[PDB]
Amino acid sequence: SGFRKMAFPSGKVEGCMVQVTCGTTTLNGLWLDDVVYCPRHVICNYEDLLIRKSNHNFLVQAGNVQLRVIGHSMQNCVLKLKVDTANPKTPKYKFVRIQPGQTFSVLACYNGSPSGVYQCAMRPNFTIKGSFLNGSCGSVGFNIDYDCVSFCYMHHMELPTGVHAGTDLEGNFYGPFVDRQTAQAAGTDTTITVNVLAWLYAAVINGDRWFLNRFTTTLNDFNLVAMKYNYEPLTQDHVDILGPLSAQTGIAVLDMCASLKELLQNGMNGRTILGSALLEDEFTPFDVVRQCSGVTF
Amino acid sequence: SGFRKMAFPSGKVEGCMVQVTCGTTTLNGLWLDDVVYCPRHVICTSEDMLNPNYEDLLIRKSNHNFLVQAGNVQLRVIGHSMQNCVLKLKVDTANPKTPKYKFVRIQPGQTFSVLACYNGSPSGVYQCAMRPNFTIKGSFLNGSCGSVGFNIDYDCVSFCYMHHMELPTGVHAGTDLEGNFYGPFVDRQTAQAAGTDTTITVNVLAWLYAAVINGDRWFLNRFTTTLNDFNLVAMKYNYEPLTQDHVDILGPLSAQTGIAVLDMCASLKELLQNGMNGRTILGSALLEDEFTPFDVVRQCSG
Ligand SMILES: C[C@@]1(C(=O)Nc2cncc3ccccc23)C(=O)Nc2ccc(Cl)cc21
Ligand SMILES: [Cl-]
């Protein structure tokens, strides 16, 4: 029993974190093979700023050992520093771009030194509600699938509302954001409906059935209610994805949708679901199956 | 900005997790130097669980009965001793990935990260607090025994918990790494219940200071309270008595925000009386009690 916001073990990623210094700016780098990936704003027209830099201007540090930079290129908003030493601790990895609603683990780092690990979700507005201070830039988001680390996020900036914006590891931002000091705002956020439903199934699995009802709804009627409560549209793909949880608990997806419709119109009424007074939307249907079945890495 | 339930990076601990098999029972072990620490109930046969005599069960076991596995490599057990409710298996190989470590016993209200493992393989990491009733509200399935709780302050890993059992309410009970249980619990299948839980008042106040630091002041008020009057109200909501030690511990947060501890205590009393009124504090509709005053300073400043 128990349901917790659980991150993937960060060990495979810790072995990659390095400190990248360029002039006054100090942030984190991801050292994979002989390349160190970091936000391109470490140099701060990035093509013009980078052409003025030499390899010895980038001081890379892995523990107490300094890596010597032998090349530098830019791929969208990420700087790829070619180094002389290939990281022996480089895990099996892939660079994946995640979709909003998908969750990942963030290894927050300051001065190439991992300080904490937390779970979060790519919000529908392409921001993440992270926990970052100055020096956290270059901190990465990842998932582990068997023995392979899928890098999906690299932290770049904090928006004025306290939410965070970053890129995939190919330097492509999530959202309509740019990497410079300018007026940028996080768009109106929405709740990840498929994730709330997954968390309601986890609650059922954990012996919390008060919110269940004899009712079931149509996908059209659920989406009409969901749009009114700033909830993401639930697709037939989402219903199919919730299939295993629906099978395991005995509550059809549209039965749990009638439960969510009642929770949205009526509220929790002094009650909690999995120790929460709010509808949690940062557990995907896969996170619920992984935690309520015990998959290992 | 941002406030998250943040666990310590688990890497230093992952390198220690091993699978301990003794007969039918398979659980996790913590391999530090040439010793593998695991719950002593690994020697029990379920029908030797209501009233196990571990000294009698262990005297019957030999070193080759304990199959220890670190990855695909099998460790050879060369000795075995028992220290309270933990089994210490002396192995022939010292773990090269052994970090700088200490065994620390924690007090209720203290938090720690848990690296949940199954078959000596880490599956997840989460942040926990030792509840005032000495249980933890973990996320554990069968086969998670031996999973450890830790804090990684500086470069040293302080091991504070080893998972042993799940109580009938779904909460978990375990020991420090010296095998001493937290709480009035025993490693027996006998009827054991978690005592009435309470809210860690010092941690709620710390989380309210984190909220002030993050620009959330809606809950603040023009009132102060005596410490006695705060506890009289707090006790009625099942909140732990706030001691002068707790007030002293909150001193730095009070200094940083400019809100005296007893004024933050008046805000808390008001939140207990009124609730949130559709509002949230740091994305929560409930008063969070699993962030110590130290966790708040670490996450908000360094
Ligand atoms: C092995 C066991 C235990 O609580 N294990 C578990 C530990 N943690 C989580 C579990 C979730 C589901 C099932 C079993 C879980 C048990 O089933 N009875 C019993 C009695 C005494 C002790 Cl010290 C240990 C146990
Ligand atoms: Cl303590």
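For this deposition, the record names X-ray crystallography as the technique by which the model was determined and cites 1.937 Å as its resolution.

Caption draft 1: Representation of the packing of aromatic side chains. The tally for this structure, following the rule as stated, stands at 19 aromatic pairs over all chains. Between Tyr-126 of chain B and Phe-140 of chain B, the aromatic rings sit 6.1 Å apart at their centres with planes inclined by 70°, giving edge-to-face as the arrangement. Taken as a pair, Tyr-126 of chain B in strand β10 (residues 121–129) and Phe-140 of chain B in the loop between β10 and β11 (148–153) lie far apart in primary sequence, 14 residues in all. Residue classification places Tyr-126 of chain B among the buried residues on the basis of a relative accessible area of 1%. Owing to a relative accessible area of 1%, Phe-140 of chain B belongs among the buried residues under this scheme. Through a chain of ring-to-ring contacts, three or more aromatic side chains come together here, namely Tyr-37, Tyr-93, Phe-95 and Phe-151 of chain A. The aromatic ring of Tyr-174 of chain A is capped on one face by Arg-97 of chain A, whose charged end is 4.3 Å from the ring centroid. Between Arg-105 of chain B and the ring centre of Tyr-182 of chain B, over which it is positioned, the NZ or CZ distance is 4.3 Å.

Caption draft 2: Region of interest: the pattern of salt bridges. Taken as a whole, this structure holds 24 salt bridges over all chains when the rule is applied. Salt-bridge contacts for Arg-105 of chain B lead to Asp-176 of chain B; the nearest nitrogen and oxygen are separated by 3.1 Å. Separated by 71 residues along the polypeptide, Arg-105 of chain B in the loop between β8 (100–103) and β9 (111–118) and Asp-176 of chain B in the loop between β13 (172–175) and α3 (201–213) bring together distant segments of the chain. Among the charged side chains, a salt-bridge network with shared partners connects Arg-4 of chain A together with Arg-131, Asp-197, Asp-289 and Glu-290 of chain B.

Caption draft 3: Region of the structure containing the pairing of strand β7 (residues 86–91) of chain B. Residues and elements named next belong to chain B. Of the pairings in the sheet, the one linking strand β3 (residues 35–39) to β7 comprises five bridges and is antiparallel in character. Counterpart to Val-36 in the pairing with β7 is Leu-89. Bridging between strand β6 (residues 77–83) and β7 involves six bridges; their strand directions are antiparallel. Within β7, the residue paired with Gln-83 across the bridge is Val-86. In sequence, β6 turns back onto β7 through a hairpin of two residues, with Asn-84 there showing a positive phi of about 60°.

Caption draft 4: Molecular detail of the site of ligand 1. All names here are of chain B. Around ligand 1, 15 residues are found, and the nearest of them are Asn-142, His-163, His-164, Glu-166 and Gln-189. Between ligand 1 and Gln-189, the relevant distance is 2.6 Å, taken from a nitrogen atom to a side-chain nitrogen or oxygen of the residue. Out of a free accessible area of 520 Å², ligand 1 has 78% covered by protein chains. In terms of residue count, strand β12 (residues 156–166) provides more of the shell around ligand 1 than any other element does, four residues in total. A breakdown of the residues in the shell around ligand 1 according to their chemical character gives five nonpolar, seven polar and three charged.

Caption draft 5: Fine view of unusual backbone geometry. All names here are of chain A. Although it is not a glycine, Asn-76 sits at a positive phi angle of roughly 60°. Position of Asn-76 among the secondary structure elements: in the loop between β6 (69–75) and β7 (78–83). Residues other than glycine seldom take positive phi values, yet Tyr-146 does so here, at roughly 70°. Locating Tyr-146 in the fold gives a position in the loop between β11 (140–145) and β12 (148–158). On the basis of relative accessible area, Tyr-146 is assigned to the exposed category, the value being 60%.

Caption draft 6: Representation of the environment of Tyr-110 of chain A in the model. Residue and element names in this part refer to chain A. The topology assignment puts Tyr-110 in strand β9 (residues 103–110). As for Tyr-110 and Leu-133, which are separated by 23 residues in sequence, their C-alpha atoms are 8.4 Å apart. Residues in contact with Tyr-110, not counting those within four places in the same chain, are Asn-28, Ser-115, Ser-131, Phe-132, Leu-133, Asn-134, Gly-135 and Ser-136. Of note is the side chain of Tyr-110, whose polar atom sits 3.0 Å from the backbone nitrogen of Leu-133.

Caption draft 7: Quick look at the sheet that holds strand β3 (residues 35–39) of chain A. Residue and element names in this part refer to chain A. As summarised here, the arrangement of the seven strands in space is β5-β4-β1-β2-β3-β7-β6, forming an open sheet in which the pairing is antiparallel. Where the open sheet ends on each side, the last strands, each with one partner, are β5 (65–67) and β6. For this sheet, the mean angle separating the axes of adjacent strands, direction not counted, is 30°. Inspection of the sheet shows strand β4 (residues 58–62) paired to β5 by three bridges, in the antiparallel sense. Residue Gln-61 lies in a different strand from β5, and its bridge partner there is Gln-66.

About the cut-offs
- Every chain here is numbered from 1 following its written sequence, a scheme that can differ from the numbering in the entry; residues without coordinates are not drawn.
- Here chains are named by letter from A upward and ligands by number from 1 upward, in the order in which they appear as written.
- For the side-chain quantities, the full set of heavy atoms in the structure was used; hydrogens and water were omitted.
- Between rings of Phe, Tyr and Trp, where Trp is taken as its six-membered ring, a pair exists when centres lie within 6.5 Å; planes separated by under 30 degrees are stacked, by over 60 edge-to-face, and by other angles tilted.
- Helix numbers and strand numbers start at the N terminus; a helix is a DSSP run of H or I with at least 4 residues, a strand a run of E with at least 2.
- Classification of residues uses two cut-offs on accessible area relative to the type maximum, computed with a 1.4 Å probe and protein chains only: under 20% is buried, over 50% is exposed, and between them is partly exposed.
- For a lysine, the NZ atom is tested; for an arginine, the CZ atom; a charge sits over a ring if that atom is within 6 Å of the ring centre and within 35 degrees of the ring normal.
- Salt bridge criterion: a side-chain nitrogen from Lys or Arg within 4 Å of a carboxyl oxygen from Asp or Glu.
- By the convention used here, strands pair only if DSSP detects at least 2 bridges between them.
- Note on terminology: near, applied to a residue and a molecule or strand, indicates that one of the residue's heavy atoms is within 4 Å of it.
- N or O atoms closer than or at 3.5 Å make up a polar contact, with two conditions inside protein: a donor-capable atom paired with an acceptor-capable one, and, for residues adjacent in sequence, both atoms drawn from side chains.
- Accessible surface is estimated by sampling points in the Shrake-Rupley manner with a 1.4 Å probe; for residues, cover comes only from the protein chains shown.
- All residues other than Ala, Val, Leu, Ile, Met, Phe, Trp, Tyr, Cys, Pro, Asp, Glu, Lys and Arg, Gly among them, are scored as polar; the first ten of these are nonpolar and the last four charged.
- Residues are treated as being in contact if the distance between any of their heavy atoms lies within 4.5 Å.
- Here the axes come from fitting lines to C-alpha atoms, over the contacting stretch only for helices, and the angles between their N-to-C directions go from 0 to 180 degrees.

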